[PDB]
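*Asks:* once you've seen the sequence and the experimental structure below, I've got questions.
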Amino acid sequence: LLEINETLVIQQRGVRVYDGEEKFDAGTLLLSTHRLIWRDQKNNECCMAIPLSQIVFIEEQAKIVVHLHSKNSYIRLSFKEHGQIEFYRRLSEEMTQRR
Amino acid sequence: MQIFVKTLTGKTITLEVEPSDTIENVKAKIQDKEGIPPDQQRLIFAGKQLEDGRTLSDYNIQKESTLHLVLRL
C-alpha cells in the first residue's frame, strides 16, 4: 500500500508495538520514504499506522522508541526476530529529511 | 528573535533569544517557566538532537523557528 513518489526502504518482521510500558501487537513493521507502515498479524484489519512526518524524535531504550506526536508521548518497537539497528539507522536517516 | 519549543502536549513556549545563545541557556529559559529540569530536557530540531555546548547559531536556527521538547525516558 504505497503512494506515488513514495518508495520502500526495508521490511522487517517480528515487531511489537507497546504504548507506554505494557504487560503489544505482533506482526511486521514496514518503513518507507514517507510513512511508517504497520501491517498486523490479523489480516482482517491489516495495515494500520502511517505517521512519518509527525514522529518528532526516535531513540533506543534497551528496542526502538518513537515519539510520534495524562496520555503517553510515544510507542515503542521491539525486534524479536533479529533486524534491529539496520532499522534504527534507516528510520533515523529517512525520518529526519521528512520535514 | 523569539523561537518556539513545542511540548508533546501541543504546548508552545515562546522564548525570546539570540543566536549567540547556547542550548543549555535555552533549557534554562524552559525551566524558568515550565518546571522541567534541564537534566530531563532534549531540545529537538528536525530529528537532530541539539547538544548543550553549542550555540543556536551552530545549528543555523532562525527567527520564529520551531524546536521540540522530549523528556528523557
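*Replies:* All right, it came through fine. Numbers count the residues shown, from 1 in each chain, chains lettered A, B, ... in the order given.

*Asks:* give me phi/psi at the residue nearest to the spatial centre of chain B?
*Replies:* Taking Cα atoms, centre = their mean, the centroid of chain B lies closest to residue B:43, which sits 4.5 Å from it. With angles defined as degrees, to the nearest 10, residue B:43 sits at phi -70, psi 110.

*Asks:* can you pull the contacts of the residue lying closest to it once chain neighbours are set aside?
*Replies:* Closest residue to residue B:43 apart from its sequence neighbours, by Cβ to Cβ, 6 or more residues apart in numbering or on different chains: residue B:50 at 4.6 Å. C-betas here are computed from N, CA, C, even on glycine. Contact analysis of residue B:50 by Cβ atoms under 8 Å, 6 or more residues apart in numbering or on different chains lists B:23, B:43-44, B:59, B:67.

*Asks:* next one: residue A:76
*Replies:* A:17-18, A:61, A:63-66.

*Asks:* interface residues of chain A facing chain B?
*Replies:* A:56-59, A:61, A:65, A:67, A:69, A:73, A:92, A:95-96, A:99 (Cβ under 8 Å from any Cβ of the partner chain).

*Asks:* the residue nearest to residue B:34 when sequence neighbours are not counted: helix or strand, and which one exactly?
*Replies:* Counting by Cβ to Cβ, 6+ apart, the nearest residue to residue B:34 once its immediate chain neighbours are dropped is residue B:13, at 6.2 Å. Following DSSP states H and E, one finds residue B:13 within strand B:12-16.

*Asks:* same check on residue B:32?
*Replies:* Going by DSSP H and E, residue B:32 is part of helix B:23-34.

*Asks:* may I see the buried residues of that helix?
*Replies:* Across helix B:23-34, burial judged by 16 or more other Cβ atoms under 10 Å in any protein chain shown covers B:23, B:25-27, B:29-30.

*Asks:* can you lay out these as TSV showing distance to residue A:84?
*Replies:* Shown next, in TSV, are the buried residues of helix B:23-34 (distance: Cβ to Cβ, whole Å):
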residue	distance to residue A:84
B:23	29
B:25	36
B:26	33
B:27	31
B:29	37
B:30	32
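
*Asks:* this completes my enquiry, with thanks.
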